[PDB]
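Engineer: sequence-free structure coming up:
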DNA sequence: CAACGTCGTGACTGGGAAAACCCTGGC
DNA sequence: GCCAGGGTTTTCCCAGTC
DNA sequence: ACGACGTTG
Ligand SMILES: [Mg+2]
């Protein structure tokens, strides 16, 4: 770490000299810093650059600390750097460049030449290799501990903002960060040049997805606090009466959200044997035992409704309206990308993905999500997309014929297992079939099937054998992928994304079974996520090309929620059909079920 | 070396509450 | 030196996608 | 209900 070899820039002439160094550099680190972690407001503080290793410069344009001399106006710096920033040819590297692009766009400047981002480099090298933030990269490829903001800030309360810190140590911090990013890129990129499939995935899918994520985050989502506030009162009422009834049944007052007290009082009153134990080892009060014991006593069922209602109230109606952005009135998520081993995206801050559906109050909270005036919600969805993936990859003639006809075998198997007629199967039974069938594809044991559907374990075994008799090509494909994981030491997706499994070697056996099932799991879900990502890329490309009133707000796993004006509905629906159907070259069509409604629940 | 008792027995996520424990500050 | 409180960690348990 | 692994005879 060639520290203290950098420079802090306080004059515009040295800024001209620095950019005259920059424009001819092939790649150069670039990062910006701000006081707050919320990108939406995020008033800017400063920026840094670095051309060659050991050399970096910081320009403080906004600080408030006592006696700040000759800090360059942010306007002049932005005007001078705009030709470099808006240039497409210029190639840049950095950390969390989505944040940087968002901050720049807050001032009306769109960064174009996003060449490489270190976190994506590390993620595409090896998904399961620890954390992918800056500290882990520094530790595992530079072996040099770096100065963190905690060192110059407070412990847990008095974390003074980056604007009110002195220029010297702040500039050294920023220059060191930019430099470490630079050597990380220079070390990591040639190593990625070695492999082919990961290189193609990195060049095609991952990187161009930063601007679309930034724009989607900047769009925001609209919600009404009023409906949530109203629903909260009925939640509180219902929980009050159910709690009163439960405590009159027990004759004692205890917290029904406290698992310890619940299990103690239950197992000391009923005196019945505990059927299942916690993974750490203890009496447990999970769902399935509760539905099992509800037939005998009213306390199990009433605490079941209590658990559901309390979870709903304490999570959704108490987090969603509180986190609304003040100046815009629209909720903003995070959408971190390099977090999952498989490759799918994951919402972080408010987690607008696990919105309850099955419960009537769940579809009510779904109804709560509404659109602004003259705008209608449009949903574009794949159906059984990974089933089409699996049929394409295994070339099983049964699945090929079923998808050629378009049969809802996903629902037909539910009708068979539950005994329901094909026409009377409901949504929850469809979800249960989803779980059962797809676990059966993923090696889900017959004991798990007996637990899920309450059917005898013998029936679970026999019907698993039957299901694999229908599709023997599927079984031999899992066997082939197991052999591939054993030999290669990893599993690769169709487009080239990889998952390294260090547990494929013999280790107590049981651990390998999880590693084995993950080896089967990785390709299918990875390809589904990659198809979703490329569909988003093409859709947003058309968005930027045409610039109509359509906006994109939300991404749910196998779902793309839109925002269109009420006047134009069918045209954008056909456009989405054309782009989303033709995004991926696959044997069977990627059938899409478009939907339009007033609010989110109306769409689906 | 064999038999029996115990430990699992789809994947991928975030997060809430409760509780426990440990570290540090104050008297 | 000791106790209490707060912060951090650990356990159950539950809400989604397939 | 059944297989895997550790412990004990
Ligand atoms: Mg971010």
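Structural biologist: Good, I have the coordinates. Numbers count the residues shown, from 1 in each chain, chains lettered A, B, ... in the order given.
Engineer: burial of residue A:574, as a residue count?
Structural biologist: Per other C-beta atoms under 10 Å, the neighbour tally for residue A:574 reads 10. (Each C-beta comes from the backbone N, C-alpha and C, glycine too.)
Engineer: Is it in a helix, a strand, or coil?
Structural biologist: Classification of residue A:574 using DSSP: H, G, I helix; E, B strand; the rest coil returns helix.
Engineer: what's the spacing between it and DNA strand C?
Structural biologist: Between residue A:574 and DNA strand C the computed distance is 22 Å (C-beta to the nearest atom of the strand, to the nearest Å).
Engineer: which bits of chain A sit near DNA strand D?
Structural biologist: Contacts of chain A with DNA strand D, taken as C-beta under 7 Å from any atom of the strand, map to A:447, A:456, A:457, A:458, A:508, A:509, A:510.
Engineer: In helices only, show me those residues.
Structural biologist: Using DSSP state H, the subset of these located in helices is A:447, A:457, A:458, A:510.
Engineer: Nearest residue to the residue of the stretch 101-250 of chain A found nearest DNA strand D in space, please, no chain neighbours.
Structural biologist: In the stretch 101-250 of chain A, the residue that lies nearest DNA strand D is residue A:128 (21.9 Å; C-beta to the nearest atom of the strand). In this structure, residue A:128 finds its nearest non-sequential neighbour in residue A:341, 5.2 Å apart by C-beta to C-beta, 6 or more residues apart in numbering.
Engineer: Distance check, whichever residue of chain A sits closest to DNA strand D against DNA strand B.
Structural biologist: Across chain A, no residue is closer to DNA strand D than residue A:509, which sits at 2.2 Å (C-beta to the nearest atom of the strand). Residue A:509 sits 10 Å away from DNA strand B, going by C-beta to the nearest atom of the strand.
Engineer: likewise residue A:378?
Structural biologist: Separation of residue A:378 from DNA strand B (C-beta to the nearest atom of the strand): 25 Å.
Engineer: same check, this time on residue A:260
Structural biologist: 5 Å.
Engineer: rewinding a little: can you pick out the most distant pair from the ones in helices among the residues of chain A next to DNA strand D?
Structural biologist: Greatest spatial distance among these (C-beta to C-beta): A:458 and A:510, at 23.8 Å.
Engineer: center of chain A - which residue?
Structural biologist: The centroid of chain A falls nearest to residue A:346 when counting by C-alpha atoms, centre = their mean (0.8 Å).
Engineer: okay, now the residue nearest to residue A:128: neighbour count?
Structural biologist: Residue A:341, neighbours per other C-beta under 10 Å, totals 18.
Engineer: doesn't residue A:500 make contact with it?
Structural biologist: No: between residue A:341 and residue A:500 there is no contact, the gap being 9.5 Å when judged by C-beta atoms under 8 Å.
Engineer: Overlap in contacts, those two.
Structural biologist: Residues touching both residue A:341 and residue A:500 (C-beta atoms under 8 Å, 6 or more residues apart in numbering): A:127, A:128.
Engineer: the strands in chain A, which residues?
Structural biologist: A:7-8, A:27-34, A:44-50, A:57-60, A:91-94, A:114-117, A:375-380, A:490-492, A:498-500, A:551-556, A:559-565, A:595-597 (DSSP state E).
Engineer: Out of those, which is closest to residue A:216?
Structural biologist: Taking C-beta to C-beta, strand A:551-556 is the member of those nearest to residue A:216, at 5.8 Å.
Engineer: How about the residues of the stretch 151-300 of chain A by DNA strand B?
Structural biologist: A:255, A:257, A:258, A:259, A:260, A:261, A:279, A:281.
Engineer: any idea which of the residues you listed has the most stuff around it?
Structural biologist: For those, the largest number of neighbours (other C-beta under 10 Å) sits with residue A:259, at 16 neighbours.
Engineer: which one is it nearest to, not counting chain neighbours?
Structural biologist: residue A:285 (6.0 Å).
Engineer: Phi, psi for the one you found please.
Structural biologist: The phi/psi pair for residue A:285 (degrees, to the nearest 10) reads phi -130, psi 50.
Engineer: correct me, but it touches residue A:265?
Structural biologist: No: using C-beta under 8 Å, residue A:285 is not in contact with residue A:265; the gap is 10.5 Å.
Engineer: How about residue A:383: what's its closest non-neighbour residue?
Structural biologist: Nearest in space to residue A:383, with sequence neighbours left out and distances taken as C-beta to C-beta, 6+ apart, is residue A:593 at 5.5 Å.
Engineer: Residue A:536 now?
Structural biologist: Nearest non-adjacent residue to residue A:536, counting by C-beta to C-beta, 6+ apart: residue A:212, 5.9 Å away.
Engineer: Look at the one you found and say how many residues are nearby.
Structural biologist: If we define neighbours as other C-beta under 10 Å, then residue A:212 has 21 of them.
Engineer: can you check the one 5 residues further on too?
Structural biologist: By other C-beta under 10 Å, the residues close to residue A:217 number 18.
Engineer: which residues touch it?
Structural biologist: Counting by C-beta under 8 Å, 6+ apart, residue A:217 touches A:39, A:98, A:102, A:332, A:333, A:334, A:335.
Engineer: how much space between it and residue A:340?
Structural biologist: As judged by C-beta to C-beta, to the nearest Å, residue A:217 and residue A:340 stand 18 Å apart.
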